[PDB]
Undergrad: 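Once you've had a glance at the structure underneath, I'll fire off some questions.
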Amino acid sequence: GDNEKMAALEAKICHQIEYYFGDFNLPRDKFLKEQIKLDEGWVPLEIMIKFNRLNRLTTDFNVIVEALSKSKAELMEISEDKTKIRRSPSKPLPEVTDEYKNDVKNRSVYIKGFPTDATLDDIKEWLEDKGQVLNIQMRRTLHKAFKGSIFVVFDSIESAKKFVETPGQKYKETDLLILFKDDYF
RNA sequence: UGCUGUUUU
């Protein structure tokens, strides 16, 4: 059903854009920050479609606008003429205080045992039924080769604990080592 | 402290 397929695509679009403008990417994204200074947070759709994971989903402005209009996250706003988008001023970036960093750390997790040829797509699929994940960091060498270990940030301490305490976890044939970031060094 | 990079650009 084409409506059915269009709805699945639009959900993916929302999630991707919401990641780029999110707490775990925006503060470290020089290119996106450049664009956000120029008019009250607004960024043109002609620039957004240059972002590679978004480009692969769609380059149609009409489809992007429809997607964001139906989002349940309430993060993104659309301009009057429908050519530009922004993070809402109701949702500011967190102040990076001791209390914030402690809270994030307590729900961050280290996982080791993925093959070196695994993709971000592969890791996301594996994580699908494991709880709400807000960030995936693939760990790399100096020369950018994947080490086979990751850091992940969960939505809550409750979700992180449920994941860490589950006993027999594997990726395909191989046993994983799973630790709170606090326990890794 | 700080500064610098950082492609899910």
Side-chain angles (χ1 to χ4, degrees), chain A residues 8-39 41-61 63-65 67-68 71-77 83-88 91 93-102 104-105 107-156 159-160 163 171 181 184:
Chain A
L9 184 69
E10 292 183 355
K12 283 177 175 206
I13 294 172
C14 286
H15 297 154
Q16 194 58 72
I17 295 176
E18 285 156 7
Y19 183 78
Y20 298 144
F21 287 86
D23 300 353
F24 300 91
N25 177 257
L26 186 49
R28 61 181 179 82
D29 193 333
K30 167 178 193 193
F31 181 76
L32 187 46
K33 276 148 81 189
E34 266 152 14
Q35 332 298 324
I36 286 189
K37 298 197 192 193
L38 306 161
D39 201 75
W42 297 115
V43 184
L45 294 174
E46 302 204 316
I47 293 170
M48 291 307 313
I49 64 161
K50 302 185 181 172
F51 281 59
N52 289 338
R53 288 185 70 90
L54 180 58
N55 183 279
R56 292 190 193 100
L57 294 171
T58 193
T59 60
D60 189 318
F61 285 10
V63 172
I64 298 170
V65 166
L68 295 173
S71 180
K72 274 149 170 179
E74 322 205 346
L75 181 66
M76 303 305 292
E77 286 184 324
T83 66
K84 298 169 176 172
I85 64 173
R86 73 178 182 178
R87 193 171 153 146
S88 167
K91 295 275 181 35
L93 287 160
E95 184 180 28
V96 180
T97 59
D98 300 323
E99 293 292 326
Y100 178 76
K101 298 186 281 188
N102 286 340
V104 172
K105 178 171 163 185
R107 53 197 165 90
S108 300
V109 181
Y110 169 83
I111 305 152
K112 178 159 171 54
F114 298 106
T116 53
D117 70 348
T119 75
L120 178 62
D121 287 6
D122 292 334
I123 297 177
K124 281 172 75 182
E125 191 193 352
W126 185 85
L127 282 170
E128 285 182 34
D129 272 345
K130 311 289 193 288
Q132 187 188 308
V133 171
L134 308 184
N135 191 49
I136 296 162
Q137 177 172 357
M138 284 171 70
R139 302 182 68 248
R140 293 173 193 280
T141 77
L142 257 197
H143 301 299
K144 298 201 202 153
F146 176 47
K147 288 173 163 176
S149 58
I150 78 190
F151 302 121
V152 171
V153 186
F154 286 89
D155 77 307
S156 59
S159 294
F163 181 76
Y171 184 87
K181 196 157 170 320
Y184 179 65

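Protein chains get the first letters and strands the later ones, always in sequence-line order, with residue 1 at the start of each. Both backbone and side-chain heavy atoms feed into the values below; hydrogens, waters and symmetry mates do not.
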Undergrad: Would you kindly give the CD1-to-P distance between A/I17 and B/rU8, to the nearest whole Å?
TA: 17 Å
Undergrad: Under the salt bridge (charged side-chain N to carboxylate O under 4.0 Å, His left out) rule, collect the residues that match up with A/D60, sequence neighbours excluded.
TA: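 Residues passing salt bridge (charged side-chain N to carboxylate O under 4.0 Å, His left out) with A/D60: none at all.
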Undergrad: In whole angstrom, give the distance that lies between atom CZ of A/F21 and atom P of B/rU8.
TA: 17 Å
Undergrad: Using the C1' atom as the reference point in each nucleotide, state the distance between B/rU7 and B/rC3 in Å, no decimals.
TA: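 Their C1' atoms lie roughly 23 Å apart.
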Undergrad: Rounding to a whole Å, what distance do you find between A/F31:CZ and B/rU8:P?
TA: 15 Å
Undergrad: Identify, between A/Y20 and A/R28, the residue whose nearest nucleotide on RNA chain B lies closer to the 5' end.
TA: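 The 5'-side residue here is A/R28.
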Undergrad: Short of 4.0 Å, heavy atom to strand atom, which residues of residues 141-153 of chain A count as contacting RNA chain B?
TA: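 Per residue number, the list is empty: none.
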Undergrad: Rounding to an integer number of Å, can you tell me how far A/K30 NZ sits from B/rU9 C1'?
TA: 12 Å
Undergrad: Could you identify which residues of residues 116-137 of chain A place a heavy atom less than 4.0 Å from some atom of RNA chain B, listed by residue number, or say none?
TA: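 A/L120, A/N135, A/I136 - these, ordered by number, are the residues of the stretch whose heavy atoms sit under 4.0 Å from the strand.
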Undergrad: Could you give the CZ-to-P distance, from A/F24 to B/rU9, as a whole number of Å?
TA: 18 Å
Undergrad: Rounded to the nearest angstrom, tell me the gap between atom CZ in A/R140 and atom P in B/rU8.
TA: 7 Å
Undergrad: How far apart are the closest heavy atoms of A/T58 and A/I49, and which atoms are they?
TA: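 Result for this residue pair: O-CG2, 4.3 Å.
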Undergrad: How is A/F51 classified with respect to the nucleic acid when contacts are heavy atoms under 4.0 Å: base, sugar-phosphate, or nothing?
TA: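 Sugar-phosphate, backbone atoms only, no base.
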Undergrad: With sequence neighbours left out, what residues match A/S149 under side-chain hydrogen bond (donor to acceptor under 3.5 Å, both in side chains)?
TA: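 With neighbours one apart ignored, the set is A/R139.
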Undergrad: A/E77: which residues meet the salt bridge (charged side-chain N to carboxylate O under 4.0 Å, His left out) condition with it, sequence neighbours left out?
TA: A/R86
Undergrad: Looking for any heavy atom pair under 4.0 Å, which part of the strands does A/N52 touch: base, sugar-phosphate only, or nothing?
TA: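 Touches a base.
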Undergrad: In a table with atom names and distances, give each donor-acceptor pair under 3.5 Å that connects a side chain of residues 25-32 of chain A to protein atoms at least two apart or in another chain.
TA:
| from | atom 1 | to | atom 2 | distance (Å) |
| --- | --- | --- | --- | --- |
| A/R28 | NE | A/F24 | O | 3.0 |
| A/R28 | NH2 | A/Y19 | OH | 3.1 |
| A/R28 | NH2 | A/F24 | O | 3.3 |
| A/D29 | OD1 | A/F31 | N | 3.4 |
| A/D29 | OD1 | A/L32 | N | 3.1 |

Undergrad: May I have the distance from A/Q16 (atom CD) to B/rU8 (atom P), rounded to whole angstrom?
TA: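 Distance, rounded to whole Å: 10 Å.
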Undergrad: Quick one: A/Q35 CD to B/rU9 P, roughly how many Å, whole number?
TA: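 So the two atoms are 14 Å apart, to the nearest Å.
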Undergrad: Sorted by first residue and then second, give each salt bridge (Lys or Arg N to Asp or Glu O under 4.0 Å) pair with at least one member in residues 10-23 of chain A; sequence neighbours left out.
TA: A/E10-A/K70, A/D23-A/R87
Undergrad: Among A/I13, A/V63, A/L75, A/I85, whose side-chain contact (heavy atoms from CB on, under 4.5 Å) with A/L68 holds?
TA: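 Testing A/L68 for a side-chain contact (heavy atoms from CB on, under 4.5 Å) against A/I13, A/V63, A/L75, A/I85 leaves exactly one candidate, A/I85.
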Undergrad: How far, in whole Å, is B/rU4 from B/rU8 if one measures between their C1' atoms?
TA: 23 Å
Undergrad: Applying ring-ring contact (aromatic ring centres under 6.0 Å, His included), can you list everything that pairs with A/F163, at least two apart in sequence or on another chain?
TA: A/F154
Undergrad: Under the salt bridge (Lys or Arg N to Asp or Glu O under 4.0 Å) rule, what pairs show up with a residue in residues 117-133 of chain A, not counting sequence neighbours?
TA: A/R53-A/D121
